[PDB]
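Written below as structure tokens is the structure these notes are about.
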Amino acid sequence: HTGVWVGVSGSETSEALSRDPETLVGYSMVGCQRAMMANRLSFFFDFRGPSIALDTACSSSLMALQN
Amino acid sequence: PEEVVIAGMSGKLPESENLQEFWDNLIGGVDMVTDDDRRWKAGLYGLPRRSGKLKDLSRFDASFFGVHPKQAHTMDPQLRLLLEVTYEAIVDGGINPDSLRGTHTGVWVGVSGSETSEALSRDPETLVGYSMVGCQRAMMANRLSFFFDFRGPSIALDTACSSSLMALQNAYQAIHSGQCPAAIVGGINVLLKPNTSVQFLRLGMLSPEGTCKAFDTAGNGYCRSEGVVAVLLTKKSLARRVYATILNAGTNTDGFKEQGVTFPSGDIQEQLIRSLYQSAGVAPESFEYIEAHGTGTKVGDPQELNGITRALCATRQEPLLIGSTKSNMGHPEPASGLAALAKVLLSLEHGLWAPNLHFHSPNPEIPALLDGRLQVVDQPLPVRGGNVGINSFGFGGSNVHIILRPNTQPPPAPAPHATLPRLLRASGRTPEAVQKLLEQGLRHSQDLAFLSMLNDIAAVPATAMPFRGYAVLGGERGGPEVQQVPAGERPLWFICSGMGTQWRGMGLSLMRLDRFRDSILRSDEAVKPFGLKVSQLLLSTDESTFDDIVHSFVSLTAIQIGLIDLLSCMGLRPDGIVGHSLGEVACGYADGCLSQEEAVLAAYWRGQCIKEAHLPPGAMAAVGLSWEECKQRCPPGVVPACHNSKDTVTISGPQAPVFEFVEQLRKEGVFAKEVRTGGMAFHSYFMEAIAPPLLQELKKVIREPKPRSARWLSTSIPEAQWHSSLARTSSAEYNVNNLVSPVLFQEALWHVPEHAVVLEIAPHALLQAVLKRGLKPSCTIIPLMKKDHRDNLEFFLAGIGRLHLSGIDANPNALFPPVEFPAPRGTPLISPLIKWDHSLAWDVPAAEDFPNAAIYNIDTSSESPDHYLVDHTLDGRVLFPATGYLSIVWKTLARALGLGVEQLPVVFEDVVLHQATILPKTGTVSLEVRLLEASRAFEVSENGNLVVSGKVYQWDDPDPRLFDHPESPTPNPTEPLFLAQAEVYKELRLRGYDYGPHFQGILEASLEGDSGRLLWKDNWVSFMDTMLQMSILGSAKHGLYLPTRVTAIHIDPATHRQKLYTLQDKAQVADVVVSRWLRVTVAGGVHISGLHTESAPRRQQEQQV
């Protein structure tokens, strides 16, 4: 039932990879959206617990640890 | 732990400014997903034509929420709407936000996009620093916590498509474990950047038809929809209204799956549901309606529905209702959970289930639908009873699920206190808000829970909300009254009136109020020994009953103590107290220096000693003569009894001298009236004879004196001697002297601050006129009771309302019995009632801002502004005019220099056309223009192929001499005949030019082709093409000739305006001249030199056979 809590506060890569509308590949949103920062880990490691990505404004890591 | 409940709710879902509109759309079946161009021009990038969208993002009550205007512009629309929605939600459950301040309430907000962060951070040089404070995704929760002063956790989850329900689950765990006593869960999603929709389309999730045809055979995708919902979850102890109770909530992740990261798993969902309903202790048969995710995906729907079938439909008999809210409003990606919760709670509130749109052929892969074990809500079905479920499955693999037990508290049985009138008070930003609240309250004059909730949330300081208003419900009369409340804290004063104010059955109406009845009953107990029952006296209807002094005094005291108690219940502590003669004792109680029994006994014994004396008859009258003038005018035996006012005075004495003086004064014309003393001398030497027995009795009555406070100003001891022993304590001696001593009432008034609020605590406001006259004009007065009124309870409530309008906060709910909680189901929602101040427009990001060298798309659709180009047909196919190239390059240059077209005289040089662009009948063609300011050269390209090249630059010094019409090649044609429009375009048709009405702009032409008059329909393309038509008209070369090179062109709009003229009709015309010797064509304000045309092939396919 292991869970994942990831403290993240930026997705600049998502902004970069969505620059062009004609030539943007769909699977970018699988691999750059903020939510996937935890869902990808849950997917590879086969964890059935919670999966969360929280900003919390510069205390994301220690917040995730508290959760 | 403790039960957790969904206290409040609020939001702005698609096509709904408040949840009331949301329910009205849902039950009415109206599809909430539109096809307008609000967010971006429809049909772009192949994106779905239809999507759900809010109504207006450009409104925000900036001043109230303490955001300075500059930072208001640069704040994400999500947060601007979310502050309002959260405030509305908190007050929905009838909880004043100030109460939560200082508590550990949290704010869990589910946001998946920060599109506005990019929008305000795309220009490094001129980007303002405020953006981070109001746009960074973390500030979504921090801003709420900062305004409402919440000390609990402040997070912002990011799981996609499930952030809202995950936030709700986290809040449930927080409150359930006792960490937090309240929580504000919310979700926000606004569609601004089309690139995100393009991404989703590339992934394959979006349905081209733009309809989330949930559970149907033809399920394709989901239509993006935007909403902002918030919910307030608090423990069962603090709740006012309980929409539902959260029995349990949990979540789990899909983990590895063979199909892929984006393939939902049914086994995990079944496990989650079973684990929740087993752990919580809820029987599987209990569930009634489950709000399946219903994304409409061909894959997700069968998986989720089969999971629900295994988890709940295994061993139950009655069918289980299954519905999906996304079939109405679309799919709010990160706010999906809260939208479904709002739908479920509204359905529970109103007693019906909202039907599901777009369900005609049930899907075959879900057997339960065909076997009837699951039933879709195709029509509005009445809610039957039982638990409810909700589940959102974000595509990242995060699953959540919540069990809800509806609130079913029945309306209370009618009670006598329901018949009695109630008071209502509402506050808001603008008068429309107060009127809305009062009107809605008046529409429910019987829902006591609704009225109490409204009264609770009305306590807000004037600065926050500058308009208040009160309305008495159920009274014989009296409408709403809303007036602005001037700023500043204002003082409150009590003034207790004296003798004469008693009347028949006074106060009989107030006895229906419980607190007043308790006060009067305590008084009746207090005065038992002497055979007088205050309640019995009040009820007694004999007119002579109040002839005796004893009854009058006791009754006045009892009524005043009752009124002081009634005010005391509301929490009002007076700052100043100034009484008048008898009833100063009432003031004594008001301060606290006297006990109710002590005061009533003092009053009774004063009265009784009055009788025992048997003093000679004596009448006191009001004399218009002032206090200084009257005294020296007073005859022997008469003196100034009470210095009521400068204009009004009272003097007493033997009845005969009083009558003689009154008649003499009436001869002099001054005011005079005898007060109802009943024949007992008041505040004169007559009372001197009573002091010894009265002093004895009073010493008996009050045994443990108390010290008078600085609030109450002794209107019996002159201001000079306020440091005496008597003035310190209102002992028996103080009251004795007060009885004997004159009434220096007016003098004591001055110390009333400015703007202060005066209350006349007494049965009959006899002194209200006196206070008005002798008080600062800035003050405010209130009677609280009027003689011989229909229902004094109504008047008292009206007075409390007027007090509310005057600044102080006196909540009236406490007057009647407290209403049992939680609020019964059916109480109309309070969230829609709140109205904000939306008189300013705040900025929102535009499509242009988001990233995706002038590009001009030419569309010939009838709605397109370039439809006029459909009339430029040469040899049977539409071609883009050369003048069109000139015009687009001109506009691009104008944009480069910053000026407008009509103020930019331009010069073209060495213009060359390479290939002719054919506008297709359908679709569009894109044209690209690039300028090289340094080299004064431009270039037009299409699909990467050069179409036109040349030099364009601004004209520094225009010369009107240039447009003077050149000498005609034939000085004297001397031919009255001339070609008209029909003949001109007949000739051009014969050559091969097929021009439509728009491009037909040659009203006349000379036979030789040298001069003519051109129309001006306010379109440069048509005008210059008409000039080229004139040039081609005189050519002796049969065949289709098209321009290929123009050496130089000069355009000066000012000369163009000065050259035009109007005919007998309203049409404008500009003369045109062609000179083949100089090779110039001058018309209006256009000069064309060095044209060159090359014979077109003139070959067209599919010629008529």
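Count begins at 1; order follows the chain as displayed.
Including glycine, each Cβ sits where the backbone N, Cα and C put it.
Here B:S63 (phosphoserine) comes close to B:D837: these same-chain residues lie at least six apart in sequence, with C-beta atoms under 8 angstroms from its C-beta. Under the three-state DSSP scheme, B:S63 (phosphoserine) falls in the coil class. The phosphoserine annotation in Swiss-Prot covers B:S63 (among others) and is backed by a large-scale study or a structure entry.
Neighbours of B:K70 (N6-acetyllysine), defined as other CB atoms within 10 A of its CB across all chains, total 10. Positions annotated as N6-acetyllysine by Swiss-Prot, on the basis of a large-scale study or a structure entry: B:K70 (among others).
The active site, for beta-ketoacyl synthase activity annotation in Swiss-Prot covers B:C161 (among others) and is backed by sequence analysis. Of all Cβ atoms in the protein chains displayed, 27 besides its own lie within 10 Å of the Cβ of B:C161 (active site, for beta-ketoacyl synthase activity).
Summarising the annotation, Swiss-Prot assigns phosphoserine to B:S207 (among others). The Cβ neighbour count for B:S207 (phosphoserine), using a 10 Å radius and every protein chain shown, is 23.
Around the Cβ of B:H293 (active site, for beta-ketoacyl synthase activity), a 10 Å sphere holds 29 further Cβ atoms from the protein chains shown. DSSP assigns B:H293 (active site, for beta-ketoacyl synthase activity) to coil, not to a helix or a strand. Here Swiss-Prot flags B:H293 (among others) as active site, for beta-ketoacyl synthase activity, drawing on sequence analysis.
For B:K298 (among others), the entry in Swiss-Prot reads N6-acetyllysine. DSSP assigns B:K298 (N6-acetyllysine) to coil, not to a helix or a strand. A C-beta separation below 8 Å, combined with a sequence spacing of at least six in one chain, links B:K298 (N6-acetyllysine) to B:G219, B:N220.
B:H331 (active site, for beta-ketoacyl synthase activity): 30 other CB atoms within 10 A of its CB, across all protein chains. The feature active site, for beta-ketoacyl synthase activity is assigned by Swiss-Prot to B:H331 (among others), with sequence analysis given as support.
Under the heading region 'Acyl and malonyl transferases', Swiss-Prot lists B:429-817, citing similarity to another entry as support.
In the three-state DSSP classification, B:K436 (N6-acetyllysine) falls within a helix. Sequence annotations record features per position, and here Swiss-Prot assigns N6-acetyllysine to B:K436 (among others).
Secondary structure at B:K528 (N6-acetyllysine), as computed by DSSP, is helix. Residues or ranges marked as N6-acetyllysine in Swiss-Prot: B:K528 (among others).
There are 24 other Cβ atoms within 10 Å of the Cβ belonging to B:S581 (active site, for malonyltransferase activity). Swiss-Prot lists B:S581 with the feature active site, for malonyltransferase activity.
Feature annotation from Swiss-Prot assigns acyl-CoA binding site to B:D647, B:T648, B:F671, B:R773; the stated evidence is similarity to another entry. Packing around B:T648 (acyl-CoA binding site) is summarised by its Cβ count: 22 other Cβ atoms lie within 10 angstroms of its Cβ, all protein chains included. In the three-state DSSP classification, B:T648 (acyl-CoA binding site) falls within coil.
Of all Cβ atoms in the protein chains displayed, 12 besides its own lie within 10 Å of the Cβ of B:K673 (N6-acetyllysine). Per Swiss-Prot, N6-acetyllysine is recorded for B:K673 (among others), and the stated evidence type is a large-scale study or a structure entry.
The phosphoserine feature in Swiss-Prot is assigned to B:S725 (among others); the stated evidence is similarity to another entry. For B:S725 (phosphoserine), the number of other Cβ atoms no farther than 10 Å from its own Cβ, over all displayed protein chains, is 10. Secondary structure at B:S725 (phosphoserine), as computed by DSSP, is helix.
If you look up Swiss-Prot, you'll see B:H872 marked as active site, proton acceptor, on the strength of sequence analysis. The Cβ of B:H872 (active site, proton acceptor) has 23 neighbouring Cβ atoms from other residues within 10 Å, across all protein chains displayed.
Note: B:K986 (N6-acetyllysine) has no non-local neighbours, i.e. no same-chain residues 6+ apart with C-beta under 8 A of its own C-beta. According to Swiss-Prot, the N6-acetyllysine annotation covers B:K986 (among others), on the basis of similarity to another entry.
If you take the Cα of B:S725 (phosphoserine) and the Cα of B:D1025 (active site, proton donor), they are about 109 angstrom apart, rounded to a whole number.
A distance of 80 Å separates the Cα atom of B:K673 (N6-acetyllysine) from that of B:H331 (active site, for beta-ketoacyl synthase activity). Rounded to the nearest whole angstrom, the C-alpha distance between B:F671 (acyl-CoA binding site) and B:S581 (active site, for malonyltransferase activity) is 22. Among the recorded positions listed (B:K70, B:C161, B:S207, B:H293, B:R773), B:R773 has its Cα nearest to the Cα of B:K528 (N6-acetyllysine). Each residue contributes its Cα atom, and for B:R773 (acyl-CoA binding site) and B:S581 (active site, for malonyltransferase activity) those atoms are 19 Å apart. Nearest to B:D1025 (active site, proton donor) in space, judged by Cα atoms and limited to the recorded positions B:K70, B:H293, B:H331, is B:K70. For B:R773 (acyl-CoA binding site), the count of additional Cβ atoms within 10 Å of its Cβ stands at 14 [all protein chains shown]. The recorded positions in question are B:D647, B:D1025, and the one with the fewest Cβ neighbours inside 10 Å is B:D647.
When the alpha carbons of B:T648 (acyl-CoA binding site) and B:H331 (active site, for beta-ketoacyl synthase activity) are compared, the span between them is 76 angstrom.
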